[PDB]
Every structure is written in C-alpha cells, then in structure tokens.
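K.L.:
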Amino acid sequence: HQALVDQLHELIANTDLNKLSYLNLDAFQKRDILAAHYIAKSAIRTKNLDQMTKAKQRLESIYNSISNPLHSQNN
Ligand code: NA
Ligand code: NA
Ligand code: NA
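Remember, the deposited numbering sits 11 above the position in the sequence shown when you count from 1.
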C-alpha cells in the first residue's frame, strides 16, 4: 500500500495550514485539518489500512471543500 501512503503524504502537504491563509478557514476547519494530519500520520506509522483509507477519504474531502469554500462573512 505504498500508493496510499504517497497519496496521504500529498494530501497532508496540500492542506498545510501555513499556506492556506488566503482561504479564510475558521477554527473548526483548521482543527479538522490538524486532526486529519495527526490521524493520517499515525495510521501510516502503524500501517493501519482501515485508518489510512479513512484518513485519505477525509483529507480528500477537506481539500475539495476548502478549495471550493464557503464565503467568509460574519453573519
Ligand atoms: Na485564516
Ligand atoms: Na472542535
Ligand atoms: Na476491516
């Protein structure tokens, strides 16, 4: 499952909070991202397939979401 590991690494890199200022993500989204990275990394480290698979779907969803995001407004 090296392909899945490579996919996760790419997704983690593409959801680097340091490069996402321009998207105006709220605290909840950023916490989702930090959690997803930790889960993905921990699943790779332990070679847990179900968790690696879940982590990929979660990160794919996040990446698509924040790349087509909800307009930032205070109401
Ligand atoms: Na921000
Ligand atoms: Na929370
Ligand atoms: Na299973």
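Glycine included, C-beta positions come from ideal geometry on N, C-alpha and C.
#1: Since I believe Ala66 is in contact with residue 159 (beta carbons under 8 Å), could you give me their beta-carbon distance rounded to a whole number of angstroms?
#2: Tell me where the alpha helix (DSSP H) around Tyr74 begins and ends.
#3: Residues in its own chain within less than 6 Å of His12 by CB, not counting five upstream and five downstream?
#4: Any residues whose CB sits closer than 7 Å to a heavy atom of ligand 2? List them in chain order?
#5: Can you tell me the Cα-Cα spacing of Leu15 and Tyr49, whole angstroms?
#6: Who sits around ligand 1, taking every residue whose Cβ is closer than 6 Å to one of its heavy atoms?
P.N.:
According to the structure shown:
#1: Nothing can be reported for residue 159, as the shown portion of the chain is limited to 12 through 86.
#2: Locating residue 74 in the sequence shown gives position 63, counting from the first residue. First-last of the alpha helix (DSSP H) with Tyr74: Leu60 to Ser78.
#3: In the sequence shown, residue 12 corresponds to position 1, counting from 1. None.
#4: Those residues that have a beta carbon less than 7 Å away from any non-hydrogen atom of ligand 2 are, in order along the chain, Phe39 and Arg42.
#5: Sequence index remark: in the sequence shown, residue 15 carries index 4 (1-based). Sequence index remark: in the sequence shown, residue 49 carries index 38 (1-based). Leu15 and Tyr49: Cα-Cα distance of roughly 16 Å.
#6: That gives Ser32, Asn35 and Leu36.
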